[PDB]
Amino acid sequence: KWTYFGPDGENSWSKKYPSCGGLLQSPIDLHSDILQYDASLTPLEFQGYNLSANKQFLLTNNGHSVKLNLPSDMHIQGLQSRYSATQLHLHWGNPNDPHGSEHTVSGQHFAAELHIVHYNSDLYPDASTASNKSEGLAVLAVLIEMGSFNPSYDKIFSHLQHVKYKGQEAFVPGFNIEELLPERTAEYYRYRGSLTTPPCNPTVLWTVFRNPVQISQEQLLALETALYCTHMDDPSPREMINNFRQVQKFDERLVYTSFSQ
């Protein structure tokens, strides 16, 4: 029952999940020495991201994050296969230290991080099959800073008190997922890595957008206080806080940038 704190926390995940001790792990610190501009990193296009407000999508507390399931007609155009959406979720810190992004930039954490997970739908039938397989996943990561209130993220956060405990599910009306992405999505970091959670398979094509988005302190506080890793009837409740992995050694990788400066 892996966690982010205590005996089953991240320095122990390799005991049960060997790839968490293997190569090509994520997240990483994005810093100058390992950045290289690559002019072939052309813009992604986000197709079928504007989900209908009259449809509804399943939000679930899985005991580790809060996730929204996404429809497979939603895809990224621009990679060398079509990657179709499967879910998005978040990582965050806690009310007294709102600095829980997974990737860091020049050694600094952002307040939180959004991951929109896609799998190679040209090659694989679903994300679970793709996950332990080559070229299987592609994640878009958005760095989140404390700033202005964000009505688009609130389309997710306004439901947190209904998915407070592990296993709980709620429905979120459709909205335009692209509203969760930052300015100038053409500027991104790209690298080969891994799932940042067990089983940590090294099967992810990472795209981290260069620019962060902002959500407010009160939105972060709701995210950091609403949720539990445990079931509603658990007599040992555990708050869902600080659910980010530490950054990983590079293992000789570079990170390629679509921006030269």
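Here the rigid core means the biggest group of C-alpha atoms that line up within 1.5 Å when the two forms are laid on top of each other. Don't overthink the numbering: it's just position in the shown sequence, from 1.
> Line up the rigid core: which moves more in 9 other deposited structures of this protein, 231-239 or 63-71, by C-alpha RMS?
It is 231-239 whose C-alphas lie farther from the shown form in 9 other deposited structures of this protein.
> Output the stretch having the higher mean C-alpha B factor in the entry; the candidates are 224-232 and 29-37.
Comparing averages over the C-alpha atoms only gives 29-37.
> Should the higher mean CA B-factor in the entry be assigned to 93-101 or to 116-124?
Per the PDB entry, the higher value belongs to 116-124.
> Among the choices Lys249, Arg253, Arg245, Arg238, identify the one whose CA B-factor in the record is greatest.
Comparing C-alpha B-factors across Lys249, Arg253, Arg245, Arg238, the top value belongs to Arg253.
> Highest CA temperature factor in the entry: which of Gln161, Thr185, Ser152, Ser148?
Going by the entry's C-alpha B-factors, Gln161 comes out highest.
> Is the Cα B-factor recorded for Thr86 in the lowest, middle or highest third of its chain?
Its C-alpha B-factor, which the entry lists for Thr86, ranks in the middle third among residues of this chain.
> Considering every modelled residue of the chain and its Cα B-factor in the PDB entry, is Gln214 in the lowest, middle or highest third?
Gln214: CA B-factor falls in the lowest third of its chain.
> Where does the C-alpha B-factor of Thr60 rank in its chain, lowest, middle or highest third?
Ranked within chain, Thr60 CA B lands in the middle tercile.
> Which third of the chain does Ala53 land in by C-alpha B-factor: lowest, middle or highest?
Ranked within chain, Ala53 CA B lands in the highest tercile.
> Going by what the PDB entry lists, where does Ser194 fall on CA B-factor within its chain: lowest, middle or highest third?
Its C-alpha B-factor belongs to the middle third of this chain's values.
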